[PDB]
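Chains as they are written, first to last, in PDB author numbering: chain A, 155 to 205; chain B, 155 to 205; chain C, 16 to 69, 104 to 313; chain D, 55 to 108; chain E, 163 to 216; chain F, 16 to 54; chain G, 70 to 103.
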Amino acid sequence: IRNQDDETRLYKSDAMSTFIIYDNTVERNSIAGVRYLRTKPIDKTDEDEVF
Amino acid sequence: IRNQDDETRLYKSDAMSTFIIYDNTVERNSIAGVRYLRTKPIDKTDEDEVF
Amino acid sequence: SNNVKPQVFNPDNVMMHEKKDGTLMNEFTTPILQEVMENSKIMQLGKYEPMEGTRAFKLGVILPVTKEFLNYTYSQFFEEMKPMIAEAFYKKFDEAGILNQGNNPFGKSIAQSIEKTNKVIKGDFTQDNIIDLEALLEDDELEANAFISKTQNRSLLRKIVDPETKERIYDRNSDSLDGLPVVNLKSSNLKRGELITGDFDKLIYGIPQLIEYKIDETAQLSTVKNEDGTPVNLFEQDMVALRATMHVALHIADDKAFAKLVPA
Amino acid sequence: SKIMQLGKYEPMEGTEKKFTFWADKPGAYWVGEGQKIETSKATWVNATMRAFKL
Amino acid sequence: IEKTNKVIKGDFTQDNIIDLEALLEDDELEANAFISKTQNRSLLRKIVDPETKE
Amino acid sequence: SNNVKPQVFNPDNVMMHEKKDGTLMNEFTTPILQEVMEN
Amino acid sequence: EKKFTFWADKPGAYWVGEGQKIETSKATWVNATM
């Protein structure tokens, strides 16, 4: 990602929360990637499943 | 295959979905090759076994 | 206990691996959704109101499950049931707000608003009755925003054509009548020949608390009696229960913004 | 075959097939502050089909 | 059909054909296709709406 | 039941948000402690 | 106008024998205005 401080930064993405959807052709270009993350606070086992 | 961007590309073809039909003569020239794949939705078990 | 017939509960709401006849659901295939999941109509039509705290009223329910059922018959049960609960809450809240059924605590409803203002049209579905229904709103400077209908009457709507333009007033593909969107209520209370409309921006709702889910393996369910009448104890009768709760709030800003068409 | 034209196919390995569907969905209760939350219940139903030989 | 008695009596007409399709949504189902005998497209070919004249 | 008013308890030890007359305890001004806690 | 809320009851406490039931208690607050 091109950061706010205007620098090219590289960060690892956890496997349990990232995946890629590929083009169906034999070339399998990557069409789109998704990251989905559970926000949770610490005090409560915050009962709703917002991602 | 000659790619759309006009480049010669090489891709491995999956052994469980490819075969070749050879000429019957002792030379066994390859007459024709076939590839067949199971397009599917993921939201359910396959509806019609379509290839 | 030494009863070899499965535990009879009262009410019989507990999910069980073993049927009353002794059949065991081993190797049980997971069910499939024969119908699409329903969505809250008043949350769809009405205007959301940012609300902190609280009028509002608590909805909730508890589902008890036998531990054997959770282990052998259907492990993912609680994870696949949560939408089915949320559906039930949406239907309860819709049935209260729209139809005044299901013991609606708010003292407010569209049905009461219309019964108060007497904004009702007696008649069969005709282009002139659809126009009169809409004019009942435009009389008070309010313009209809949508229609609420029993899906079983599309057979009636397809029979109406504009005798001037000589074309169908009801677009069966868009499911829109006279250009306004029609939402369908699956509830049994809205009869075949009844149609409702209004400026739903005048119908305001709020949600002080989105659904909490707490799963538990240790509480007592005082409301479920064993066969002998003792309360079910989850830890001790080797059992689990899922609790769901939600708070919802309803206000009708202008009770004249709603009108109803009904068979003569 | 007009049945193969109009109907839905189903992959079937054995001579018999089992279907299971939801039937009942839980209710919901308004409860007063601190009132006991009444339970509710889910339900399913089963169906089956078998093959014949031409 | 025999167990439900879901049968309409009468001639091929826009009236009866609409009623026939409506008989399905009376159970919250929508018709998806028709099965007919090619001999009768003669009858289907000669029915027209008197209002929209289509 | 579908009963929609607050549970009366005995003894009255339970704290509640809804007074049984229908008054609802929003906006609540948090009490301030006047005394100092004793050893 | 000014408004105050003060604590008006300390919650009690009990001597509970081993495995005896612990009893409950409540605090309360009082409103004042000027």
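We put the beta carbon where it would ideally sit given N, CA and C, even for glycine.
Short CB-CB distance (under 8 Å) between residue i and chain F
| i | result |
| --- | --- |
| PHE138 (chain C) | no |
| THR74 (chain G) | yes |
| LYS95 (chain G) | yes |
| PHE106 (chain C) | yes |
| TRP98 (chain G) | yes |
| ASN152 (chain C) | yes |
| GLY88 (chain D) | yes |
Nearest residue (CA-CA) to residue i, options the options
| i | options | result |
| --- | --- | --- |
| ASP188 (chain E) | C:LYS62, C:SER204, C:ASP248 | C:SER204 |
| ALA82 (chain D) | C:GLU190, C:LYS131, C:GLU67, C:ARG217 | C:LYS131 |
| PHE126 (chain C) | C:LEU182, C:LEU270, C:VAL29, C:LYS199 | C:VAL29 |
| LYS194 (chain B) | B:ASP160, B:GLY187, B:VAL204, B:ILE155 | B:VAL204 |
| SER184 (chain B) | B:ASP202, B:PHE173, B:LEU191, B:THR199 | B:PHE173 |
| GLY187 (chain A) | A:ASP160, A:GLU161, A:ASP168 | A:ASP168 |
| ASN100 (chain D) | C:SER158, C:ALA105, C:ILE47 | C:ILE47 |
| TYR262 (chain C) | C:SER271, C:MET295, C:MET31 | C:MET295 |
| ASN202 (chain C) | C:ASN194, C:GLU190, C:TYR219 | C:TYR219 |
| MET170 (chain B) | B:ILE196, B:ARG192, B:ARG156, B:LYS198 | B:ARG192 |
| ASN25 (chain F) | D:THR102, D:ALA105, D:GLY88 | D:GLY88 |
| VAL289 (chain C) | C:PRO21, C:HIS32, C:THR115, C:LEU108 | C:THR115 |
| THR199 (chain A) | C:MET31, C:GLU192, C:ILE264 | C:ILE264 |
| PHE196 (chain C) | C:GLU53, C:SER16, C:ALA308, C:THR45 | C:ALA308 |
| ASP78 (chain D) | C:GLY61, C:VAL51, C:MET133, C:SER16 | C:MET133 |
| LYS62 (chain C) | C:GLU183, C:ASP250, C:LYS34, C:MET52 | C:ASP250 |
| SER158 (chain C) | C:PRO312, C:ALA306, C:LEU310, C:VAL311 | C:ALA306 |
Residues bridged to residue i (per DSSP)
| i | result |
| --- | --- |
| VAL23 (chain F) | DSSP, once it has assigned bridges, lists no residue as partnering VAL23 (chain F). |
| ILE175 (chain B) | B:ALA186 |
| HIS296 (chain C) | C:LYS107, C:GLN258 |
| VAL289 (chain C) | C:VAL114 |
| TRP84 (chain D) | C:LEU108 |
| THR162 (chain B) | B:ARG156 |
| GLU70 (chain D) | D:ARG104 |
| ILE301 (chain C) | C:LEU252 |
| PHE126 (chain C) | Partner(s): none; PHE126 (chain C) has no beta bridge. |
| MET30 (chain C) | C:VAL114 |
| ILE170 (chain C) | C:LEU310 |
| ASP78 (chain D) | D:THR97 |
Residue burial classification, residue i (beta-carbon count within 10 angstroms, cutoff 16)
| i | result |
| --- | --- |
| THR214 (chain C) | exposed |
| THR267 (chain C) | exposed |
| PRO80 (chain D) | buried |
| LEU164 (chain B) | exposed |
| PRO65 (chain C) | exposed |
| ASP143 (chain C) | buried |
| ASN178 (chain B) | exposed |
| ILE175 (chain A) | exposed |
| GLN286 (chain C) | buried |
| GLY86 (chain G) | exposed |
| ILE245 (chain C) | buried |
| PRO113 (chain C) | buried |
| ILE147 (chain C) | buried |
| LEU186 (chain C) | buried |
| residue 314 (chain C) | Lying before the first or after the last residue shown, residue 314 (chain C) is absent from chain C, which here runs from 16 to 313. |
| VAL232 (chain C) | buried |
| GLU53 (chain C) | buried |
Closer than 8 Å to chain D by CB, residue i
| i | result |
| --- | --- |
| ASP197 (chain B) | no |
| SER198 (chain C) | no |
| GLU161 (chain B) | no |
| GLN258 (chain C) | no |
| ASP177 (chain B) | no |
| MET130 (chain C) | yes |
8 Å Cβ cutoff, residue i in contact with chain E
| i | result |
| --- | --- |
| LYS215 (chain C) | yes |
| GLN201 (chain C) | yes |
| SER204 (chain C) | yes |
Closer than 8 Å to chain G by CB, residue i
| i | result |
| --- | --- |
| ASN28 (chain F) | yes |
| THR38 (chain F) | no |
| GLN49 (chain F) | yes |
| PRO46 (chain F) | yes |
Cβ of residue i within 8 Å of any chain C Cβ
| i | result |
| --- | --- |
| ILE179 (chain E) | no |
| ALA184 (chain E) | yes |
| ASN17 (chain F) | yes |
Short CB-CB distance (under 8 Å) between residue i and chain B
| i | result |
| --- | --- |
| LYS56 (chain D) | no |
Discussion item. Can you confirm whether the segment 225-239 of chain C touches the segment 280-290 of chain C when touching is taken to mean that 3 or more C-beta pairs between the two stretches lie within less than 8 Å?
Written reply: no
Worksheet item: Three or more C-beta pairs closer than 8 Å, one from the segment 77-93 of chain D and one from the segment 165-178 of chain E: is that the case here?
Response: Cβ pair count under 8 Å is below three, so no.
Worksheet item: For the segment 254-274 of chain C against the segment 206-214 of chain C, are there 3 or more C-beta pairs whose distance is under 8 Å?
Response: no
Discussion item. For the structure I just gave you, are there three or more beta carbon pairs, one from the segment 121-141 of chain C and one from the segment 34-51 of chain C, closer than 8 Å?
Written reply: yes
Practice prompt. Flag this pair as touching only if the segment 171-183 of chain E and the segment 214-225 of chain C have three or more C-beta atom pairs under 8 Å; answer yes or no.
Written response: Output reads no: the segment 214-225 of chain C does not touch the segment 171-183 of chain E.
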